[PDB]
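See structure below.
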Amino acid sequence: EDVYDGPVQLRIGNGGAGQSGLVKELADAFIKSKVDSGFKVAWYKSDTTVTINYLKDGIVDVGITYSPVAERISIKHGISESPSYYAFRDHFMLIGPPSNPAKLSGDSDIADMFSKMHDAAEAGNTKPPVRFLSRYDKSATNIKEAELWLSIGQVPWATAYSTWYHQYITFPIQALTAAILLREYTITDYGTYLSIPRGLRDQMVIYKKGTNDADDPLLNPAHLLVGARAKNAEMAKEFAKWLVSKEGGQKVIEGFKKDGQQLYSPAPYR
Ligand SMILES: [Ca+2]
């Protein structure tokens, strides 16, 4: 999808971070420190499932993923080296229209917010009606909201199909833009939010933003996986080590900005 120059000696499979520009900064910083001391870095666009599939078929050397369980299983299969590397922390957010037809209260737990939206959507007698936008595309965001609905015992997509469960299958920015224009609630991410026009942000309200607390459902941890059969093995090991060092990777992440805001939080202290 794009190669950075600071011979290809490092292939990374990822979705959101490359799409946000972080993979560029990271790669240019790594190439920098290896040459600045004693090559190009190619980025392959892929969701977590594919990234792991690539590591398995040796298409990429490393992969930044967003699923601790999938990561653990990839390692159990010998697809990935043990252990995984905590790279950075992204955050999901529940946003909705200023009219707040679901009457969500900022202090409520995210699960109770979902319970409230469901009942209000089922009542269908609000102005505007309560609707929830799902990217319905197997992405980390889709997994997240699907997870949240199930957490309160609901399956909106299953028969006796919940018509207020709105399938708008597109990339992050378009989906958030659509939710705002249509006056619907939706789970989105911090980076996508900072990507839309300021004007649109005034046509929506942030009802819940993920924190860095380890058990916050809206926390979106990113880990790096080193392929077991990976080509350029020693460099994948080099990148992995560099990425988590306060000196390299963590410094670049702590300073990576978008719309004048730090996009991601550094990995937890270790
Ligand atoms: Ca996503």
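All values below were derived from every heavy atom in this structure, side-chain atoms included, with hydrogens, water molecules and symmetry-related copies excluded. This chain uses plain numbering: 1 for the first residue, then up along the sequence.
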- Give me the ring orientation class for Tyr4 and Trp43: parallel if the planes are under 30° apart, tilted from 30 to 60°, perpendicular past 60°.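 Parallel: the ring planes of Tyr4 and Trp43 meet at under 30°.
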
- Message: Ring-plane angle category for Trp149 and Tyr165, please: parallel below 30°, perpendicular beyond 60°, tilted otherwise.
- Response: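 Ring orientation of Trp149 relative to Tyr165: perpendicular.
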
- Query: Are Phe132 and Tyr185 an aromatic pair by the rule of ring centers under 6.0 Å?
  - Reply: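 No; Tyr185 has its ring centre 6.0 Å or more from that of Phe132.
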
- Message: Suppose we call two aromatic rings close when their centres sit under 6.0 Å apart. Are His91 and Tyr190 close by that rule?
- Response: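 Not under 6.0 Å, so no.
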
Got more than 12 heavy atoms from elsewhere within 6.0 Å of [atom1], [X]?
{"X": "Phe39", "atom1": "CZ", "value": "yes"}
{"X": "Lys127", "atom1": "NZ", "value": "yes"}
{"X": "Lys116", "atom1": "NZ", "value": "yes"}

- Query: Do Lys251 and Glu254 pass the salt bridge (charged side-chain N to carboxylate O under 4.0 Å, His left out) test, and can you show the C-alpha distance, the side-chain angles, and the key distance before you say yes or no?
  - Reply: CA-CA 5 Å; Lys251 180 173 184 170; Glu254 195 148 57; over 6 Å; no

- How long is the span from the CG atom in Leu243 to the CD1 atom in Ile64, to the nearest 0.5 Å?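 Between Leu243 CG and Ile64 CD1, I get 6.5 Å after rounding to 0.5 Å.
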
- Message: As an exercise, state the distance from OG of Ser67 to CG of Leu225, rounded to the nearest 0.5 Å.
- Response: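 One finds 10.0 Å between OG of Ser67 and CG of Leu225.
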
- Task: Check for a donor-acceptor pair, side chain of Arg11 on one end and backbone N or O of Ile59 on the other, with a separation under 3.5 Å.
- Result: yes

- Query: Do the side chain of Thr48 and the main chain of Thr65 share a donor and acceptor less than 3.5 angstrom apart?
  - Reply: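 Not at all, since once roles are kept as given, no pair shorter than 3.5 Å links the two residues.
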
- Task: With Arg135 as reference, evaluate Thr170, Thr188, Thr141 under the side-chain hydrogen bond (donor to acceptor under 3.5 Å, both in side chains) test and give the passing residue.
- Result: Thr141

- Message: For a 4.5 angstrom cut-off between non-hydrogen side-chain atoms, does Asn100 reach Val205?
- Response: no

